[PDB]
file entry_5.pdb (PDB, C-alpha atoms)
ATOM      1  CA  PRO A   1      56.696  61.356  71.854
ATOM      2  CA  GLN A   2      57.142  60.600  68.166
ATOM      3  CA  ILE A   3      57.402  63.518  65.756
ATOM      4  CA  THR A   4      57.139  63.660  61.969
ATOM      5  CA  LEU A   5      58.956  66.264  59.890
ATOM      6  CA  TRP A   6      56.387  68.001  57.704
ATOM      7  CA  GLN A   7      56.783  70.963  60.062
ATOM      8  CA  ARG A   8      59.819  72.183  62.031
ATOM      9  CA  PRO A   9      60.314  69.918  65.089
ATOM     10  CA  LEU A  10      59.890  72.815  67.567
ATOM     11  CA  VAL A  11      59.648  72.060  71.279
ATOM     12  CA  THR A  12      59.245  74.181  74.389
ATOM     13  CA  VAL A  13      62.347  74.348  76.583
ATOM     14  CA  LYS A  14      62.896  75.738  80.085
ATOM     15  CA  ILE A  15      66.401  77.075  80.610
ATOM     16  CA  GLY A  16      67.837  79.580  83.039
ATOM     17  CA  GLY A  17      64.352  79.686  84.527
ATOM     18  CA  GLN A  18      63.085  81.090  81.224
ATOM     19  CA  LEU A  19      60.916  79.594  78.488
ATOM     20  CA  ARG A  20      61.812  79.290  74.801
ATOM     21  CA  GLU A  21      60.800  77.416  71.654
ATOM     22  CA  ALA A  22      63.648  75.538  70.026
ATOM     23  CA  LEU A  23      64.339  73.142  67.216
ATOM     24  CA  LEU A  24      65.342  69.483  67.621
ATOM     25  CA  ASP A  25      68.370  69.686  65.305
ATOM     26  CA  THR A  26      69.954  66.316  64.463
ATOM     27  CA  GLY A  27      72.523  68.007  62.255
ATOM     28  CA  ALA A  28      73.854  70.273  65.015
ATOM     29  CA  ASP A  29      76.669  68.989  67.206
ATOM     30  CA  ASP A  30      76.034  71.872  69.593
ATOM     31  CA  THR A  31      73.065  73.534  71.277
ATOM     32  CA  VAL A  32      72.883  77.226  70.383
ATOM     33  CA  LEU A  33      70.263  79.649  71.635
ATOM     34  CA  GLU A  34      69.496  83.261  70.776
ATOM     35  CA  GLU A  35      70.641  85.777  73.368
ATOM     36  CA  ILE A  36      69.211  84.798  76.750
ATOM     37  CA  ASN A  37      70.256  85.929  80.181
ATOM     38  CA  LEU A  38      72.247  83.147  81.766
ATOM     39  CA  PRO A  39      74.024  83.499  85.094
ATOM     40  CA  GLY A  40      77.711  82.977  85.639
ATOM     41  CA  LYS A  41      80.947  82.591  83.802
ATOM     42  CA  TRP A  42      81.505  81.545  80.195
ATOM     43  CA  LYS A  43      84.198  81.343  77.542
ATOM     44  CA  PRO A  44      84.297  83.026  74.109
ATOM     45  CA  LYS A  45      83.970  80.431  71.357
ATOM     46  CA  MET A  46      83.679  80.171  67.578
ATOM     47  CA  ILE A  47      81.227  77.853  65.834
ATOM     48  CA  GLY A  48      80.800  77.370  62.094
ATOM     49  CA  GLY A  49      77.705  76.953  59.983
ATOM     50  CA  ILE A  50      76.330  77.172  56.475
ATOM     51  CA  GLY A  51      76.979  80.906  56.221
ATOM     52  CA  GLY A  52      80.279  80.672  58.038
ATOM     53  CA  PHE A  53      80.763  81.435  61.708
ATOM     54  CA  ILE A  54      79.631  83.379  64.784
ATOM     55  CA  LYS A  55      81.349  83.890  68.113
ATOM     56  CA  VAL A  56      79.352  82.712  71.087
ATOM     57  CA  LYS A  57      79.582  82.653  74.867
ATOM     58  CA  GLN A  58      80.010  79.091  76.066
ATOM     59  CA  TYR A  59      78.233  78.051  79.263
ATOM     60  CA  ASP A  60      78.994  74.580  80.593
ATOM     61  CA  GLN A  61      76.802  72.369  82.776
ATOM     62  CA  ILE A  62      73.606  74.304  81.944
ATOM     63  CA  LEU A  63      70.380  72.519  82.947
ATOM     64  CA  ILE A  64      67.576  72.464  80.427
ATOM     65  CA  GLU A  65      64.200  70.766  80.375
ATOM     66  CA  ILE A  66      63.204  69.935  76.837
ATOM     67  CA  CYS A  67      59.587  68.995  76.253
ATOM     68  CA  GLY A  68      59.376  67.726  79.827
ATOM     69  CA  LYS A  69      62.712  65.954  80.169
ATOM     70  CA  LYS A  70      65.834  67.131  82.021
ATOM     71  CA  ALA A  71      69.408  67.326  80.711
ATOM     72  CA  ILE A  72      72.625  69.087  81.746
ATOM     73  CA  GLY A  73      75.256  70.163  79.250
ATOM     74  CA  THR A  74      76.989  72.941  77.325
ATOM     75  CA  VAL A  75      74.888  75.781  75.955
ATOM     76  CA  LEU A  76      76.276  78.254  73.431
ATOM     77  CA  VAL A  77      74.831  81.757  73.580
ATOM     78  CA  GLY A  78      75.342  83.915  70.535
ATOM     79  CA  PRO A  79      73.745  85.659  67.539
ATOM     80  CA  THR A  80      71.536  82.981  65.991
ATOM     81  CA  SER A  81      68.051  83.675  64.610
ATOM     82  CA  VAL A  82      66.758  80.332  65.909
ATOM     83  CA  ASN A  83      67.101  78.289  69.087
ATOM     84  CA  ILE A  84      68.727  74.956  68.250
ATOM     85  CA  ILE A  85      68.918  71.849  70.448
ATOM     86  CA  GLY A  86      71.889  69.768  69.348
ATOM     87  CA  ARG A  87      72.995  66.181  69.703
ATOM     88  CA  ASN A  88      74.864  66.849  72.937
ATOM     89  CA  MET A  89      71.454  67.401  74.545
ATOM     90  CA  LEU A  90      69.434  65.167  72.188
ATOM     91  CA  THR A  91      71.433  62.140  73.342
ATOM     92  CA  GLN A  92      70.443  62.897  76.948
ATOM     93  CA  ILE A  93      66.698  62.926  76.405
ATOM     94  CA  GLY A  94      67.020  59.684  74.449
ATOM     95  CA  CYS A  95      66.189  61.120  71.037
ATOM     96  CA  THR A  96      66.586  58.865  67.985
ATOM     97  CA  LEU A  97      65.914  59.054  64.240
ATOM     98  CA  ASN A  98      63.690  56.464  62.587
ATOM     99  CA  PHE A  99      63.030  55.738  58.921
TER     100      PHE A  99
ATOM    101  CA  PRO B   1      66.762  51.997  60.791
ATOM    102  CA  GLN B   2      66.593  53.517  64.278
ATOM    103  CA  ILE B   3      69.461  55.998  64.546
ATOM    104  CA  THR B   4      70.991  57.165  67.831
ATOM    105  CA  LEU B   5      72.698  60.579  68.017
ATOM    106  CA  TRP B   6      75.883  59.829  69.934
ATOM    107  CA  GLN B   7      77.477  60.251  66.502
ATOM    108  CA  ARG B   8      76.591  62.562  63.576
ATOM    109  CA  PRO B   9      73.664  61.029  61.641
ATOM    110  CA  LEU B  10      75.493  60.196  58.401
ATOM    111  CA  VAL B  11      73.903  58.206  55.590
ATOM    112  CA  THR B  12      74.993  57.029  52.162
ATOM    113  CA  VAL B  13      73.025  58.783  49.422
ATOM    114  CA  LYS B  14      73.013  58.204  45.670
ATOM    115  CA  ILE B  15      72.410  61.277  43.510
ATOM    116  CA  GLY B  16      73.128  61.977  39.844
ATOM    117  CA  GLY B  17      74.926  58.673  39.402
ATOM    118  CA  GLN B  18      77.409  59.525  42.198
ATOM    119  CA  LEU B  19      77.712  58.345  45.826
ATOM    120  CA  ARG B  20      78.037  60.711  48.781
ATOM    121  CA  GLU B  21      77.564  60.754  52.535
ATOM    122  CA  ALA B  22      75.010  63.201  53.880
ATOM    123  CA  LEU B  23      73.928  64.321  57.329
ATOM    124  CA  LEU B  24      70.246  63.635  58.084
ATOM    125  CA  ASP B  25      69.406  67.113  59.373
ATOM    126  CA  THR B  26      66.046  67.844  61.057
ATOM    127  CA  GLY B  27      67.151  71.440  61.567
ATOM    128  CA  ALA B  28      67.278  71.972  57.793
ATOM    129  CA  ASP B  29      64.193  72.800  55.716
ATOM    130  CA  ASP B  30      66.182  72.127  52.552
ATOM    131  CA  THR B  31      68.753  69.677  51.192
ATOM    132  CA  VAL B  32      72.120  71.270  50.493
ATOM    133  CA  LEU B  33      75.014  69.510  48.818
ATOM    134  CA  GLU B  34      78.664  70.620  48.517
ATOM    135  CA  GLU B  35      80.478  70.670  45.176
ATOM    136  CA  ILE B  36      78.776  68.065  42.948
ATOM    137  CA  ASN B  37      78.148  67.844  39.168
ATOM    138  CA  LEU B  38      74.386  67.854  38.612
ATOM    139  CA  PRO B  39      72.803  67.659  35.125
ATOM    140  CA  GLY B  40      70.407  70.330  33.850
ATOM    141  CA  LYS B  41      69.528  73.932  34.602
ATOM    142  CA  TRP B  42      68.435  75.593  37.819
ATOM    143  CA  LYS B  43      67.271  78.769  39.470
ATOM    144  CA  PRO B  44      69.745  80.759  41.565
ATOM    145  CA  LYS B  45      68.932  81.064  45.269
ATOM    146  CA  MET B  46      70.471  82.264  48.542
ATOM    147  CA  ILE B  47      69.926  80.424  51.799
ATOM    148  CA  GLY B  48      70.839  81.238  55.361
ATOM    149  CA  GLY B  49      72.252  79.390  58.318
ATOM    150  CA  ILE B  50      74.545  80.301  61.166
ATOM    151  CA  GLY B  51      77.169  82.805  60.046
ATOM    152  CA  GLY B  52      75.277  84.320  57.134
ATOM    153  CA  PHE B  53      73.852  83.394  53.738
ATOM    154  CA  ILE B  54      75.350  81.350  50.921
ATOM    155  CA  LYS B  55      74.583  81.419  47.211
ATOM    156  CA  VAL B  56      73.539  78.073  45.775
ATOM    157  CA  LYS B  57      72.148  76.504  42.615
ATOM    158  CA  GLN B  58      68.587  75.275  42.939
ATOM    159  CA  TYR B  59      67.748  72.092  41.042
ATOM    160  CA  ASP B  60      64.188  70.739  41.095
ATOM    161  CA  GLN B  61      62.785  67.229  40.836
ATOM    162  CA  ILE B  62      66.085  65.456  41.525
ATOM    163  CA  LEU B  63      65.960  61.753  42.313
ATOM    164  CA  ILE B  64      67.725  60.936  45.528
ATOM    165  CA  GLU B  65      68.349  57.609  47.253
ATOM    166  CA  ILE B  66      69.064  57.695  50.987
ATOM    167  CA  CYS B  67      69.865  54.206  52.237
ATOM    168  CA  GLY B  68      67.318  51.929  50.579
ATOM    169  CA  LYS B  69      64.765  54.685  49.956
ATOM    170  CA  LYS B  70      64.008  56.953  46.958
ATOM    171  CA  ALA B  71      62.859  60.584  47.087
ATOM    172  CA  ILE B  72      62.399  63.298  44.459
ATOM    173  CA  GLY B  73      62.651  66.999  45.126
ATOM    174  CA  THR B  74      64.625  70.216  45.205
ATOM    175  CA  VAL B  75      68.325  70.000  45.977
ATOM    176  CA  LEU B  76      70.665  72.925  46.608
ATOM    177  CA  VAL B  77      74.335  72.783  45.629
ATOM    178  CA  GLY B  78      76.646  75.272  47.257
ATOM    179  CA  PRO B  79      79.720  76.073  49.413
ATOM    180  CA  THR B  80      78.335  74.039  52.317
ATOM    181  CA  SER B  81      80.621  72.492  54.934
ATOM    182  CA  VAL B  82      78.644  69.204  54.795
ATOM    183  CA  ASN B  83      76.041  67.531  52.610
ATOM    184  CA  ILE B  84      72.684  68.004  54.310
ATOM    185  CA  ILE B  85      69.442  66.070  53.840
ATOM    186  CA  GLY B  86      66.724  68.464  54.994
ATOM    187  CA  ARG B  87      63.051  68.076  55.761
ATOM    188  CA  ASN B  88      62.060  68.443  52.093
ATOM    189  CA  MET B  89      63.610  64.995  51.556
ATOM    190  CA  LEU B  90      63.368  63.458  55.036
ATOM    191  CA  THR B  91      59.579  63.517  55.031
ATOM    192  CA  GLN B  92      59.724  61.416  51.841
ATOM    193  CA  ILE B  93      61.620  58.520  53.424
ATOM    194  CA  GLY B  94      59.233  58.590  56.369
ATOM    195  CA  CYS B  95      61.998  59.844  58.649
ATOM    196  CA  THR B  96      60.800  60.649  62.183
ATOM    197  CA  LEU B  97      62.178  61.879  65.529
ATOM    198  CA  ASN B  98      61.513  59.902  68.689
ATOM    199  CA  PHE B  99      62.104  60.553  72.366
TER     200      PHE B  99
END

call {"tool": "encode", "arguments": {"input": "entry_5.pdb", "output": "structure tokens"}}
result
Amino acid sequence: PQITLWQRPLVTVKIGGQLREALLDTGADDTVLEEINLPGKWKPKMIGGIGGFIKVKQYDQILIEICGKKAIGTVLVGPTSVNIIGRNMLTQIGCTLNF
Amino acid sequence: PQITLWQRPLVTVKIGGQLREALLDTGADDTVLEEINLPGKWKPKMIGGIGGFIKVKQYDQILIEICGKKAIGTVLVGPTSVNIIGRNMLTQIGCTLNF
């Protein structure tokens, strides 16, 4: 689908068998989601932002279905007030910017 | 221009007589620029992101040129790690997401 930007580009995503609403974030390199119960192993990681940084648990090869499409990649789980879908996943569902 | 996300969505923007590169950011409601000399007065404001909040200067009705297109609106200048063109400006250049 095509989406304008007068509102936040929020989509429904299915991850870890759970549902969530997330933002299609073209400015985010990574995909970061609020605390969600994901199975398995992970590595502690640091990621910076506008306010600075947060430490997050890094899960690799996580399958997500964004708005009806499938993609596998790294998902960072840490203290973020919003669920963000980054370019690593946006490139997989064939998302592009147009203007 | 149709922009793919394999790389950060950078664009050349002209603001206040100066040239800068800025990240087209759908995950940003606002436009936030790093250290830059901007004429006039403003209204202090604090915005949040990942890692906490940052104090910025809020300038209104600022002409901005992203690629070949002009837009006028609020711009925030602060300690940001990257110049960001948020939805307040993106809508104005008809920027859209597609997948």

call {"tool": "atom_distance", "arguments": {"input": "entry_5.pdb", "atom1": "atom CA of residue 77 of chain B", "atom2": "atom CA of residue 10 of chain A"}}
result
26.3 Å

call {"tool": "residues_around", "arguments": {"input": "entry_5.pdb", "residues": "residue 70 of chain A", "least_positions_apart": "5", "cutoff": "9 Å", "atoms": "all atoms listed in the file", "output": "list in words"}}
result
residues 63, 64, 65, 92 and 93 of chain A

call {"tool": "resolve_selection", "arguments": {"input": "entry_5.pdb", "expression": "the PyMOL selection byres ((chain B and resi 62) around 9)", "output": "PyMOL selection string"}}
result
chain B and resi 15-16+59-61+63-64+71-75

call {"tool": "resolve_selection", "arguments": {"input": "entry_5.pdb", "expression": "the PyMOL selection byres ((chain B and resi 46) around 10)", "output": "list in words"}}
result
residues 44, 45, 47, 48, 53, 54, 55, 56, 57, 58, 76 and 78 of chain B

call {"tool": "resolve_selection", "arguments": {"input": "entry_5.pdb", "expression": "the ChimeraX specification (/A :<9) & /B", "output": "MDAnalysis selection string"}}
result
chainID B and resid 1:9 23:29 47:54 79:82 84 87:88 90:91 93:99

call {"tool": "atom_distance", "arguments": {"input": "entry_5.pdb", "atom1": "atom CA of residue 14 of chain A", "atom2": "atom CA of residue 30 of chain B"}}
result
28.0 Å

call {"tool": "atom_distance", "arguments": {"input": "entry_5.pdb", "atom1": "atom CA of residue 33 of chain A", "atom2": "atom CA of residue 34 of chain B"}}
result
26.2 Å

call {"tool": "axis_aligned_box", "arguments": {"input": "entry_5.pdb", "around": "segment 22-38 of chain A", "padding_each_side": "5 Å", "output": "AutoDock Vina command-line options"}}
result
--center_x 70.2 --center_y 76.1 --center_z 72.0 --size_x 23.0 --size_y 29.6 --size_z 29.5
